[PDB]
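The primary structure of each chain is shown beneath.
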Amino acid sequence: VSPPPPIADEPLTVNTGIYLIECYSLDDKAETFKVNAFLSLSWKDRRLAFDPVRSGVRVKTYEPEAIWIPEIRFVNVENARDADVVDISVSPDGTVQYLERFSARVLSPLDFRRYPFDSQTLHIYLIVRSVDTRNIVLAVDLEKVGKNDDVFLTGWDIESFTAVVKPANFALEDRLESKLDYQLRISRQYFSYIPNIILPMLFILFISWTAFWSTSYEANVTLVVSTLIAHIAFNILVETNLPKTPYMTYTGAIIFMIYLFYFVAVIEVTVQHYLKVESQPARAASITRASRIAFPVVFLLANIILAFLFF
Amino acid sequence: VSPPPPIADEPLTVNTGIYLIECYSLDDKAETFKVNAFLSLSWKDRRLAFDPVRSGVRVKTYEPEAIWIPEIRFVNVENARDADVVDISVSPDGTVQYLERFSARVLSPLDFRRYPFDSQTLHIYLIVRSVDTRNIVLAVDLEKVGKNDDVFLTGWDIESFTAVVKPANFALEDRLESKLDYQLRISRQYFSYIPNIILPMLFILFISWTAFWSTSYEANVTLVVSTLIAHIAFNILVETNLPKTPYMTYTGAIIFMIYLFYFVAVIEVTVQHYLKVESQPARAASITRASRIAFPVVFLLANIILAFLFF
Amino acid sequence: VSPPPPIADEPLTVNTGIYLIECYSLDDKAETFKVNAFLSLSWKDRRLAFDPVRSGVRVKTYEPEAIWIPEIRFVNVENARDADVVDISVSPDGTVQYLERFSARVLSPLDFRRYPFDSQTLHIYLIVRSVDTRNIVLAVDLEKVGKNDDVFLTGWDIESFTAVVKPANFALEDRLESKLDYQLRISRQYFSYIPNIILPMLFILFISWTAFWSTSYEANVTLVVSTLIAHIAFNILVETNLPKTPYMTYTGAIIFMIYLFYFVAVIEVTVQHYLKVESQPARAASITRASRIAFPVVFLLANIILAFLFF
Amino acid sequence: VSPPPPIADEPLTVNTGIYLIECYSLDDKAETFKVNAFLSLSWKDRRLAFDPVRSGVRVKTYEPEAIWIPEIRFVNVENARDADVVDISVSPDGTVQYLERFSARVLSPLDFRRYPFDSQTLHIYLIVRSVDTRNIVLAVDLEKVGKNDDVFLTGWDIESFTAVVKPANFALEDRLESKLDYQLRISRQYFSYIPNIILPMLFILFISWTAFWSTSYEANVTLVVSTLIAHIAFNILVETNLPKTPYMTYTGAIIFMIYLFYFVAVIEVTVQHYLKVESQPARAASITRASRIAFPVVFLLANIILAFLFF
Amino acid sequence: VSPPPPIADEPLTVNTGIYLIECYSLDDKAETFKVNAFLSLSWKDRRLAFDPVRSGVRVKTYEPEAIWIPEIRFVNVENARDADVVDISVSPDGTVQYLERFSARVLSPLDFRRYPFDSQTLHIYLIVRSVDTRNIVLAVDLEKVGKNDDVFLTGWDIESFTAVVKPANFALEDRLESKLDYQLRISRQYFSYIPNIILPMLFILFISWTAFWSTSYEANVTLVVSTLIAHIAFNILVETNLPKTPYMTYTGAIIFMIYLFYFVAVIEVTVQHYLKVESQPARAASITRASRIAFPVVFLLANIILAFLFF
Ligand code: NA
């Protein structure tokens, strides 16, 4: 088997169509997602053309090994795609209609800067290395690009599945390569984050600040320290569901900033006691009384500043 | 090999049948379950007709590669099917009796709204893409649809295994497709949740309320804060056995509501001390005396309201 | 290839031999165990018979594809058995001696009611679906059933490996099926449970009870609350090494009952302080003094009752 | 293909030799290790002999399927060997020189009695089942047995890789079997255990006892109970990196013995307070003054006794 | 198929080239990384030479099975090569241009001494075993060695991908072997370590030091102990993301040293109380006052010494 010769030198255009059957297993840490889909290919192989009058049949079916098929590969994949050829159909002019069912663990990086309120653009890259005889260019047949209505990605909202119609044609090891970009747009389902991490993390912080209505140093040490240990658990629980980013994340910023509120709360609690012992509970009172307004106002403003910077 | 030609203008009806051998590994987080089953197929291929007087035998056995077999695929599956052909048997009229033993990790979404008192409807979808020559329609032979009596799903009760007899016939990429729905109904075994999660969580919550019979602010802070940190452990332990749902769950609601009871108890405990110090233990007494009745009554009513809304 | 025709009506008896080479990876949560073993099969195929004086050789070797071999399958297996044919040997009368080396992750349910002092009966089920021409019945050749002396199952004691000699012959999808039961009896190695989970758990309970010799409410709260949280931590460590059973387990019973001892301890500790504050330390004294004897006696009796009910 | 006939009765001697390329993934819990190695085999097949004069070539290369190769299998392996034939070379007299590159997850039990100061002897067992025509005996060609200098096992020191030259010849299912033993000796790298588990543990114990110089009952509690819990988190961390042994381990012994020091230190702390309250701080003083010498002397002696018994 | 005969004595030079497509999954514990790449090979097989005048074509394409291909293998790999031949192209003089697309989990050891500020040199070793007829030597064609611009390794910075051009030629089991070294240089992205582990760990240590401004032994025990438990949680969280090194790491050093600061702070806190009780709060004051300056100065100096020794 050899590639179809050009009538004229014009390169072979392979019409590509992807149709997602099932979407699943999005790993934030590994920045991977698994997909179950149909891959449709179409090209002109005049060597396979036939007269529909004499041949009787208007369509001819073939086995993969029987005819020439372009080596279309996936760029960003981990597992060896579960390729199962479903159909090969030749028209009278020699237009091959290929369709295979595949599945692969795709490697698309994620941007966690606005996590868990982040949105992503997942990619599926199709590629074709041009052969010695003639060059191969990829094309998108938008008619065969889509996704099924049942398609769901657990804890995410599937917005779009589109294809960057103009392929990125480039040179590699002295040979032409045509790369295509299939983009799956998803937004995160941040609902479960609010009652499981955000609000409990806030309740522990507000419980910590009850130390500004207490004069008991012994009880204040308990109140601020306990809640701090409970904040360490929450910061750890969070960093385990995320990869080690070289940037600060929205949840990451808030969590880190809260460590400072605990640190300053411990300073206030210490000062109050030192002053009490130093027989000047008058200053101790005015510091504590200020902290009562300061801590919530600075926390409310700090969070506005963060949300402003992040969104 | 080519499909069996139609005497008439009718489509080929492929009679399906599934018989679950072993059911196992239901992953709540991934919304997957694994299954070990028999897949039985039957169609009429008149090209395979024989005379048992000449052929000698009354039934003829074949290898999968030897004869035409319809490309029946599973829609919602992760791993490639562990397909092992057990039997292919042709009758003199040309009725092929196919039977394969398979196993697959099926992707069926779960509804956790009433968890752990939830019930599910797991699905197995069979599909067949119609070929160029003639269309293919799926059918259910209820005689070969079932499950073995030993079939057990750890921590679940297997109610039914039925098949939506009318196949969903639809168009896809200019071709006819016949989809079938096999439904496995299961109810959760919530027994182990009561002494491991629910009762221990109520014990720690009731322990926290002993602070309504204590005047020791220092001991109260220990009681109310310690139990709250134990409650945080349960909230984390629970959310690890579940996926991040865009809705509130029954256990999720209760556990979140309990965070407010800890928050208000911390307020009461603070108030009591502030008033004690402010030399008015008279008001402090009446607040604590109310909180003794209030906390259990509001918790009892709140839970009735939740259970009402969820069931 | 076709099955061996019967001299008479009688079904073909296939002699089954199962022999364990290596036993490993028993998963309590998944109720699975992996096995490395030899599967020996023997049947009479008169079509393969030969004269030993004329053929010279007394025994003739064959390739699996060359001769007819009965489709013997495993019922309770997860991943397709790693079948490697070791030997096929035909005798002069036509007695085929088959031997394959396999490995599989077997699905046998476990009874955790007496955990970690439980014993199990693991099963390996062989099955054969009867063909159109003649029925197939399984048989146990006890001479080729066993296990190697090195065979060890980590954290378990291997008692027996026997076979239920009478096969369960039954109808399924209009065809005869002969099922065989290979039983591997194992008892748990509960030694490591005593100094790692049982004894540390009792020390924290007895430490909790030192509050019956303390009048310091603040120290008692710190005492009983600390140890309650350590017991929560053990209840969690235990439930992670076990599946969610719809029944109570021996360790499960004890651990749940202990929560009540902690709950009543907290009540006692509260009562003592309430009475102390109420200026009647006389009753407070008699309550703690009773609790001193009551708590250990009721715990000792309760455990006798549990052990009685469970064994 | 059939085995090489004997000139005489003599059994066929197959000369083995393993050469470890890469050693890795030693799982203590599963008692498995993975290996990447060369397997070299050599036997005399006179049917393959040739004259080096007329043939021209002094060596002839063959494909595995072309010539008879002895069924050499691994006994203690989990996943089917990644066998890749590298070379088959026949000499003029008919001496076949076989070499394959393999990789397997090997199952060799481990002895944790002296953990983490333990040493192991990992095994790789080669086996050959004798055929109907003639018996097969294994042999070690020490010239082709070894390991590469780069070979490293993470967290272990590779001492030796030797072979038990005399094969264990025995009967199994009426047939002769020749088993060979390849032994890989390794010693554990216990360095990381000292600053991460041993030393941090000794400190929470020394802190646990600063409660022998304090008369404050509350502080002692927190100080010895505190302190104690930290050692419950340390106990769980060690038992998660180890399987459930039916014997006591060195680290296991030490950790368990500390649970008694913590228990007796809580008794001492209770006694001191009871006596203080009972208005006899004179006895309370003499008990605590003794504790301060007793606890460290008994701990120092106890550890000597343990180390003596374990090494 | 047989190797290409030498014109002369000279050995066959195989020109290698690796091109990383996708780099991913770097496991610190397992010291492995996964790679998706192109492997290009080139050698002179004069048996395949042809005249470009009469043959018409410039280049001739071949199937892997049709022509002789050198057995190039990877040394340090865990996963079987996902070899997919993309192109085989013969020039008129007989220069074969081979190109395959592969993927493998590579085993390259990591040096954690400067962790998380460490840099690594990952290796990919190509090897070729010389055949009976003629020896094979590897060579680097630097033109086909590289990496794509999109290539990203999560939490790492990819510096270089170079090849040690001179192959390590050595003897093994009486045969010549040519080994090549492909080096991938990476530096760690330590950003996320600073607000998630380093800074929190320091806030808790400084919180512990507020006990040098407190006279409340009861409150001091809560402080130095609660913060010690937090420091255990951080040592645990850290040692779980790392393998058990036989050396001290930078983070490991700091963490261990901080234990001593907690231990000495507990001694100080004890001394202060003992002296207070011993009715000499004068010495207790001077110890506490020194400790105020001592602890931060000694910690600041100790860290300078560590950083000096480690970098
Ligand atoms: Na306390």
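Below or above, wherever it landed, is the structure these notes cover.

Quick look at the sheet that holds strand β10 (residues 156–172) of chain D now. Residue and element names in this part refer to chain D. An order of β4-β7-β11-β10 is seen for the four strands of this open sheet, with the pairing classed as antiparallel. Each edge of the open sheet carries a strand with a single partner, namely β4 (72–74) and β10. This sheet shows a mean twist of 20° between the axes of neighbouring strands, independent of strand direction. In this structure, strand β7 (residues 119–129) lies alongside strand β11 (residues 175–188), joined through 11 bridges in antiparallel fashion. Bridged to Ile127 within β11 is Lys179.

For the rest of this paragraph, the subject is the relation of the copies chain B and chain A. With an RMSD of 0.5 Å, the operation that places chain B on chain A is a rotation of 73° combined with a shift of 0.2 Å along the axis. Here the copies are linked by what is in effect a five-fold axis. A different interface surface on each copy is seen, since only 2% of the contact residues of chain B are contact residues in chain A too.

Turning our eyes to something else, we now look at the side chain of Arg175(E). When you line up the elements, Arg175(E) lands in strand β11 (residues 175–188). A distance of 2.7 Å separates polar atoms of two side chains, one belonging to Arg175(E) and the other to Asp132(E). Apart from the residues within four sequence positions on either side, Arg175(E) is in contact with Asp87(D), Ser89(D), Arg129(E), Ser130(E), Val131(E), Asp132(E) and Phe170(E).

This part takes up the sheet that holds strand β7 (residues 119–129) of chain C. Residues and elements named next belong to chain C. Taken together, the four strands give an open sheet; going across it, the order is β4-β7-β11-β10, and neighbouring strands pair in antiparallel fashion. Only two strands of the sheet have a single partner each, and these edge strands are β4 (72–74) and β10 (156–172). Direction aside, the axes of adjacent strands within the sheet are offset by 20° on average. Pairing analysis gives three bridges linking β4 to β7, with the strands arranged antiparallel. Counterpart to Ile72 in the pairing with β7 is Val128.

We now examine unusual backbone geometry. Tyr115(D) connects to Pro116(D) through a cis peptide bond whose omega is 0°. Tracing the sequence through the fold places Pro116(D) in the loop between β6 (95–107) and β7. A positive phi is found at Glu31(A), a non-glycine position, where the angle reads about 55°. Among the structural elements, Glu31(A) can be located in the loop between β1 (12–27) and β2 (32–44). Exposure remark for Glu31(A): the relative accessible area of 7% places this residue in the buried category. Phi is positive for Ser25(B), close to 35°, though the residue is something other than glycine. On the basis of relative accessibility, which here comes to 33%, the residue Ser25(B) falls in the partly exposed class.

What follows concerns the pairing of strand β5 (residues 84–90) of chain E. Regular strands place side chains that alternate from one sheet face to the opposite one. Residue and element names in this part refer to chain E. Counting buried positions along β5 gives five out of seven residues, so the element sits mostly inside the fold. Bridge count between strand β3 (residues 60–61) and β5: two bridges; the pairing is antiparallel. Across the sheet, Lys60 pairs through a bridge with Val90, a residue of β5. Of the strand pairs in this sheet, β5 and strand β6 (residues 95–107) are connected by six bridges, and their pairing is antiparallel. Directly across from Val90, in β6, lies its bridge partner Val96. A loop of four residues connects β5 with β6, the two strands running antiparallel in sequence, and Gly94 in this loop sits at a positive phi of about 100°.

Moving on to a nonpolar patch on the surface. Where nonpolar side chains cluster on the molecular surface, the patch consists of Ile293(A), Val297(A), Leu300(A), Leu301(A), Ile304(A), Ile305(A), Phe308(A) and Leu309(A) and spans about 850 Å² of accessible area. Tracing the backbone shows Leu301(A) in helix α4 (residues 281–310).

This part is about the pattern of salt bridges. Considering all chains together, one arrives at 60 salt bridges over all chains under this definition. With its nearest N and O atoms 2.9 Å apart, the salt bridge here joins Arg113(A) to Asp111(A). On the basis of relative accessibility, which here comes to 40%, the residue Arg113(A) falls in the partly exposed class. Here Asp111(A) falls in the partly exposed class, since its relative accessible area comes to 32%. Two residues, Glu100(D) and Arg81(D), come together in a salt bridge whose shortest N-O distance is 2.7 Å. Of the two residues, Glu100(D) is situated in strand β6 and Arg81(D) in the loop between β4 and β5 (84–90); the sequence distance between them amounts to 19 residues. The class for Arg81(D) is partly exposed, based on a relative accessible area of 24%. When salt bridges that share partners are traced, they join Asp132(A), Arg175(A), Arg58(E) and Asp87(E) into one network.

Our focus in this paragraph is the interface of chain C and chain B. Listed as interface residues are 46 residues of chain C and, on the opposing side, 53 residues of chain B. Taking both partners together, chain C and chain B bury about 4,200 Å²; carbon and sulfur atoms supply 65% of that area. Counting every contact that joins chain C to chain B gives one salt bridge. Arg175(C) is the salt-bridge partner of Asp87(B), the closest N and O atoms lying 2.8 Å from each other. Taken together, chain C and chain B are joined by eight residue pairs in polar contact. Listed by contribution, the elements that provide at least two residues to the side of chain C that touches chain B are β4, β11 (175–188), α2 (217–240) and α3 (250–277) of chain C. In terms of residues, the side of chain C that touches chain B owes the most to one element, α2(C), which gives 11 residues.

The next point concerns the interface of chain B and chain A. Facing 45 residues of chain B, the contacting portion of chain A comprises 50 residues. In this assembly, chain B packs against chain A so that about 4,100 Å² is buried in total across both faces, 65% of it on carbon and sulfur atoms. Applying the counting rule to chain B against chain A returns one salt bridge. For the side of chain B that touches chain A, the secondary-structure elements that each account for two or more residues are β4 (72–74), β7 (119–129), β11 (175–188), α2 (217–240) and α3 (250–277) of chain B. A per-element tally of the side of chain B that touches chain A places α2(B) first, with 11 residues. Of the residues assigned to the side of chain B that touches chain A, the class counts are 26 nonpolar, six polar and 13 charged.

Analysis parameters
Residues numbered from 1 in each chain as written, not as in the entry; some residues may be left out. Chains lettered and ligands numbered in written order. Heavy atoms only, no water. Pairing = 2+ DSSP bridges. Helix = DSSP H or I, 4+ residues; strand = E, 2+ residues; numbered from the N terminus. Axes fitted to C-alpha atoms, helices over the stretch in contact; angles between N-to-C directions. Least-squares fit on C-alpha atoms. Contact = heavy atoms within 4.5 Å. Polar contact = N/O pair within 3.5 Å; in protein donor to acceptor, adjacent residues only side chain to side chain. Buried < 20%, exposed > 50% of the residue type's maximum accessible area, 1.4 Å probe, protein only. Patch = residues over 30% accessible without salt bridge, like charges linked within 9 Å, V, L, I, M, F, W, Y side chains within 5 Å. Areas by Shrake-Rupley, 256 points an atom, 1.4 Å probe, with all protein chains shown as cover. Salt bridge = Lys/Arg side-chain N within 4 Å of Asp/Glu carboxyl O. Buried area = accessible area lost by both parts, 1.4 Å probe. Nonpolar A, V, L, I, M, F, W, Y, C, P; charged D, E, K, R; others polar.

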